[PDB]
Structures are given as C-alpha cells and as structure tokens.
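If you want the building blocks of each chain, they are given just below.
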Amino acid sequence: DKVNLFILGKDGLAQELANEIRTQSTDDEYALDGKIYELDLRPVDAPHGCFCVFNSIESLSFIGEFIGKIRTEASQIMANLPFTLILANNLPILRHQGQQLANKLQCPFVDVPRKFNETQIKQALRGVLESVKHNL
C-alpha cells in the first residue's frame, strides 16, 4: 500500500509533477478509485514504479537516453519495472516518438494537458498502480 514512485524529467519537469501531485495529498496520503494510497513521489535526475515526463524533443531524448543507461546497466546484474510515459503540455511528432518508446517498454503512454490535468494524472497513476498490482 506504499508505493515508491520515481519521476524522471528534464529541466525541473519531474519536480513540477511531483509538486502538482503533493498538493492533493490528504493526510499525506492519496485517494484513487475509492482507495487510499501512500505514495512517495521521488523526482530524479542524472513496491515501486516510474513516471517519465517529457514536453519536447529534448526531454523525450533524455528519457530515452536515460532508460538506455538503466538498460545497459541492468544487463550487467527490468522487464517488469512499472514505467509510464507522460507527455505534458508540432505536437504530433512528440506523440508518435513517445508512443514508439512506450511500445518498446510495453508501458502506458498518457498525455497530460492546473498546469497538469487532474484526470490525466489519475490515469497515469492508475497506469503504474495496475502494473504494480500485476507484478505481485
């Protein structure tokens, strides 16, 4: 019932999302789908899962590039690590490359258009949590 949610982002992007989400913490806990989760949101830079947020070509690449490091690194010791890709608001190229990245990882890809859309945060959140639930 405690989930360690890491959040990757470039240029404070992971921090803004962590902040956005924390403002909704009732009693330092979270209500989703009629349940109450204690989430520990840990934004990062260079039960658990990983939010990956990007808003441009550069941020998308950092995420790719960073997942690659973890990949190569992971080899010398991952398949079930609950990723979820979040695109935060030509837009079409972002979605297409993000969706191929999502496809490669077999992870949900969510678009989040009040800087972030609450309904979309929730979908993203249920993404990671249903994946976490699946791994058990």
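Residues numbered from 1 in each chain as written, not as in the entry; some residues may be left out. Heavy atoms only, no water.

Novice: Teacher, can you tell me more about the sheet that holds strand 2 (residues 30–32) here?
Specialist: Sheets are built from strands that pair by backbone hydrogen bonding, the pairs being arranged parallel or antiparallel. If you trace the six strands from one edge of the open sheet to the other, you get 2-3-1-4-5-6, paired in mixed fashion. Since the sheet does not close on itself, it has two edges, and those belong to strand 2 and strand 6 (109–112), each with one partner. Neighbouring strand axes in the sheet, compared pairwise and without regard to direction, differ in orientation by 35° on average. Across the face of the sheet, helix 1 (residues 13–22) comes into contact with strand 1 (2–8), strand 2, strand 3 (35–44), strand 4 (48–54) and strand 5 (83–88) while running at roughly 155° to strand 3. (Pairing = 2+ DSSP bridges. Helix = DSSP H or I, 4+ residues; strand = E, 2+ residues; numbered from the N terminus. Axes fitted to C-alpha atoms, helices over the stretch in contact; angles between N-to-C directions. Contact = heavy atoms within 4.5 Å.)

Novice: Any chance you could explain the pairing of strand 1 here in plain terms?
Specialist: Both faces of the sheet carry side chains from a regular strand, because those side chains alternate between them. Sheet analysis places strand 1 next to strand 3, joined by seven bridges and oriented parallel. Bridge pairing in strand 3 places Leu8 opposite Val44. In this sheet, strand 4 lies alongside strand 1 in parallel orientation, the contact comprising five bridges. Looking at strand 4, one finds that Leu5 is bridged to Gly49.

Novice: What's the story with the packing of aromatic side chains in this structure? I'm lost.
Specialist: Within a pair of aromatic rings, the relevant descriptors are the distance that separates the centres and the angle that separates the planes. Counted according to the given criterion, the structure contains two aromatic pairs. Look at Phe54 and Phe109: their rings are 6.0 Å apart centre to centre, the planes differ by 15°, and that puts the pair in the stacked class. The exposure classification of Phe54 matches that of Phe109, with both residues buried. (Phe/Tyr/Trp six-rings, centres within 6.5 Å; stacked < 30°, edge-to-face > 60°. Buried < 20%, exposed > 50% of the residue type's maximum accessible area, 1.4 Å probe, protein only.)

Novice: What is the right way to read the pattern of salt bridges from this model?
Specialist: Opposite charge on two side chains permits them to pair, given that their charged atoms come into close proximity. Following the criterion strictly, the structure yields five salt bridges and no others. In this structure, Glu38 and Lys2 form a salt bridge, with 3.3 Å as the shortest nitrogen-oxygen distance. Remark: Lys2 occurs in strand 1 and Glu38 occurs in strand 3; sequence separation between them is 36 residues. You can call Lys2 partly exposed: its relative accessible area is 38%. Of the charged contacts, one joins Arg95 and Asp111 as a salt bridge, the two residues approaching to 3.2 Å between their closest N and O atoms. One end of the pair, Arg95, is in helix 3 (residues 91–105); the other, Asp111, is in strand 6, with 16 residues separating them in the sequence. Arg95 sits in the partly exposed class, given a relative accessible area of 40%. It is possible to trace a salt-bridge network through shared partners that takes in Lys2, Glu38 and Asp40. (Salt bridge = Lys/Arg side-chain N within 4 Å of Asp/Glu carboxyl O.)

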